[PDB]
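Here you'll find one protein chain in two forms, each presented separately as structure tokens under the names structure 1 and structure 2.
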Structure 1
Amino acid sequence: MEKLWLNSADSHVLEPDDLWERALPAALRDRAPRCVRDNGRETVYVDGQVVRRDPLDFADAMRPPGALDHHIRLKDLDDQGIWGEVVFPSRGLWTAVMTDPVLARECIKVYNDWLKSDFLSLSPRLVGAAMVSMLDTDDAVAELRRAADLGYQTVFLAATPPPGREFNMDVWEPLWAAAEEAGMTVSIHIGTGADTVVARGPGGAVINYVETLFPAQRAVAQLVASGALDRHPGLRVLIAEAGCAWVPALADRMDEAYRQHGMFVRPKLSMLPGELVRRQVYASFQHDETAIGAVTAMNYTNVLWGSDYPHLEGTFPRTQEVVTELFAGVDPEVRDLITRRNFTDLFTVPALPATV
């Protein structure tokens, strides 16, 4: 009966089961990501490897219908009061754990074409993330430039890059130049790329959810400390689904090492790590009240709200109730920044009509 319009910096689409089977040549078509949900488990096959074997809860973790039917998804946007929404891959994310650059490149093209033709075509409120090869810089630059020509506003990078392709390495430089030139936002989504750590013991569910942060913090440390962002002032990076309050914490950690350990520090930066973070690093959250304190108390203005539809850790179907609780008693300019404006700085959707 009373809702506030929001924009969302994070959600996922479920690709068609046969997306890659139907579109790839026979040398490639059997090796592309395949999800099986059977007998209370999700199994993912990539290029002859079991990359996931996760329990499901057939009772208490049932997927929203709109995950399975894109017309129910658009009703859910209106019901939740979300206008614009960034859309990341689901099965497509598994291209980041591929070792074959050819399988990666061709699976990425297929995904970027399907997403635009068949999904983004449903509404210009949908802002797609184009995948680019995590394995090969020439392949990555080619696909970013092709995606830019198709109208994509952001590329997805996995939080854990392949071995020897850390984000501080020179191998990425041409992608940073190409992203800056095209004005593409680089969106680094957590929980993607090779597994780094899996908790097995007591508290595993909570520990595993924390462990997915460390690749995101490391990626920010790598981009800032390496001068990648310093050399590319127009390059903006969105850390998707990692929360926000650690970002000013990391700025202060990097400034302390930069100033106190300066005799070990190479390269030199034109400005402090914390200044590059506050200028170019954005982060999304779903429920975290601390994201608001980062803005009001830590001069970190690059916070974006995200629904993370249709994941358990997102807000659905209580988006409006969550955002009411979050912003009870908060300056409406801060609500406007976090829920609408940062989104429209990074992304272009059609004009949100006014309500009076």
Structure 2
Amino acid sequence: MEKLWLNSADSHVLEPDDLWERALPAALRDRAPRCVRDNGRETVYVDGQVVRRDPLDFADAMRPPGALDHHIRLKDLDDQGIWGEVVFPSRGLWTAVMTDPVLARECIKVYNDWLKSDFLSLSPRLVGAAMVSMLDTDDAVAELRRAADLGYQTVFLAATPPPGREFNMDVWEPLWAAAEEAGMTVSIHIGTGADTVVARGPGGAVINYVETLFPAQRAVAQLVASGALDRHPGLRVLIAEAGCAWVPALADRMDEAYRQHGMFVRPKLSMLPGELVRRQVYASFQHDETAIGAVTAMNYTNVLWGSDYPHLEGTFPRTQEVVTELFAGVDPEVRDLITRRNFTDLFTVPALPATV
């Protein structure tokens, strides 16, 4: 009943409630992410601001026992037929909306040290994303370098960077250089860095779920148009949890501007935007049938599957039912590429016997 073995390019780890309470310098402790559970309500506070209010029902729906207990997580991976799994933050993501570079740097060190010592230590099937400062390039380079010396394979960046720190700016060049030198995949996860509760009228739930795409597409356009990827041929970028089929559409959109608006284009690129996307830009999805069409009809081979465990928008606990229906009638080479091989190009886990 779990016959199709998968690697998951997207999932999340819930941090211990006291992670920052115990480990931060006393001056910083009270400003770290912290939650109050009262009335029906969880309220999350970050550095003197309420950043989140939810009824406990929804909050706790994304908190099955594996989302917390790493021993149960590994058993859920077996149960769902997932071998290797990339693990992103939950509360740690709020470091991306902080305005104080020192609070962000120190909260990121704590998170990165806990994830490696207390979680990535349980199984080599776990590939964690180290956070790096969104606010200061020297802080982000130093932590990437420390995280890599510790055996991290990828860094997390928020899809919406702080104002004036868009991904086409010169300020990021030292980070691209260090990531390329380290062999570090840059993982950009959507729904991070900002607020995505922008739509309030009829259809808000569906409209807001679409709005979170825009920073993902913008990030790809900035990395491609700025020459960041062109200048760093070894630099690979994963766009996590934005789906896949918009990526070749965007490759075509950029090619059209590059070719028809060339007289306004700076910098020039050594190859077309679409060639950079197809070489270096990867994208994950959970349910999207269109991800298979991207590979088979749009020559976009950089599609990875993800469970996004334990989010509502992920596959858990119906991983096998989802993927078996997704890949019914599909070339096994394509199913292998999307569910296993793109994962192992990016990330190192112990190799299974590759059944076709």
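When a residue number appears, read it as a position in the sequence of structure 1, where counting begins at 1. Here the rigid core means the biggest group of C-alpha atoms that line up within 1.5 Å when the two forms are laid on top of each other.
Only one entry in 62, 328, 312, 297 has its C-alpha moved by 2 angstroms or more between structures 1 and 2 when the rigid core is superposed, and that entry is 62.
Relative to the superposed rigid core, residue 42 undergoes a CA displacement of at least 2 Å between structures 1 and 2. Once the core is aligned between structures 1 and 2, the alpha carbon position of residue 196 differs by 5.8 Å; this is the C-alpha shift at that site. Core-based alignment between structures 1 and 2 gives a C-alpha movement of 1.3 Å at residue 26.
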